[PDB]
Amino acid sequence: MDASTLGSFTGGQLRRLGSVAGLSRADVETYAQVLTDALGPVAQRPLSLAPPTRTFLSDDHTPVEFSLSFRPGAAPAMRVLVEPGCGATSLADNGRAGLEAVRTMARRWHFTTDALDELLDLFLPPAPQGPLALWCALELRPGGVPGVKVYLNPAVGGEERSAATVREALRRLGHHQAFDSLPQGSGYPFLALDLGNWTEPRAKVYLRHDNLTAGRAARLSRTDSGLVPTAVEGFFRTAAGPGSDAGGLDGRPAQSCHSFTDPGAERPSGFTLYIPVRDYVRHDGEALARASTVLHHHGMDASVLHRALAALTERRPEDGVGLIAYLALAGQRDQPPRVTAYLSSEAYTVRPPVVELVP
């Protein structure tokens, strides 16, 4: 019928993945509409056109990514990550469009944005530097009222100003000198806020880790942020396969996230390690096999993740790479660890046209 658009294609993925995650037809319809509205003008962009901006949200510049988070005894939790300002003619207008999208969501669900407002001069200046201005992740909760997380760029004024930007953000969010509790890293790729019916900020600091080793990974967190060193080393080795025991992971950098949630607290209560598994496998069959091992090690079934990949695309996992972009092990104080698979939309990753060569 009609040519596929970013909206129709990513919407189809949201619907099929949402059903795999056990969401109702009603909730899936609600969230498909939320994603279309979040994409704004680019939702109508035909997939036959080049990607609208070189968004760094995914390798092929699709401005949508999905995730499924597995907790023992819990239904799978689905998120969608979007860049609402995708297709703006400048990073400044990208940020403004991103902020408008978050405020529209706030007027709909009436979550508090005071914590975001406290940060906007730091993260949305004029002449911003890449690679992002504002991304939004929506947790697709039963009942149609999502969790909203906003991702901002500590390097917006240059990498040299990243550390000072994170320290000032945490101070403004009532976390004093929490910056000094963070482990050594190579960079600060994101600061994120979890927004809801709370005014108490939930602040997340991301660190880049170049050439990470299993031992160094074991030292990024303390017991009181939900993971134990042996679980972190086991996960590192399972996820990384050949990147393991070779002088440090040798593909794109690993990341950690440090969650500050207790009011006034100078120490994080949550820790996540992200491994870019797509750089360390022959194909998505191997990524799926490693994800299945991690899930089994944390007491969870993996059949939903097998259905999730088929929901994304009809492609055999073994016939490409990148459908599973990252795997993560997520700890929170006094909670069972969570395993998360980040799933690529691949809206711009197409089989070339079939035209047989006949001599």
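All residue numbers are counted from 1 along the displayed sequence.
Annotation for 193-201 versus 107-115: the higher mean temperature factor (C-alpha) is found in 193-201.
Of the two stretches examined, 31-39 and 60-68, the record assigns the greater average C-alpha temperature factor to 31-39. Residue-level inspection of the entry shows that, of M300, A308, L47, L329, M300 has the top Cα B-factor. Comparing the C-alpha B-factors of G95, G243, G87, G130 in the entry, the top value falls on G243. Compared with the other modelled residues of the chain, the Cα B-factor recorded for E168 ranks in the middle third. In this PDB entry, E100 carries a Cα temperature factor that places it within the lowest third of its chain's modelled residues. In this PDB entry, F260 carries a Cα temperature factor that places it within the highest third of its chain's modelled residues. Sort the chain's modelled residues by C-alpha temperature factor and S19 lands in the middle third, per the entry.
For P146, the recorded CA temperature factor ranks within the middle third of the chain's modelled residues.
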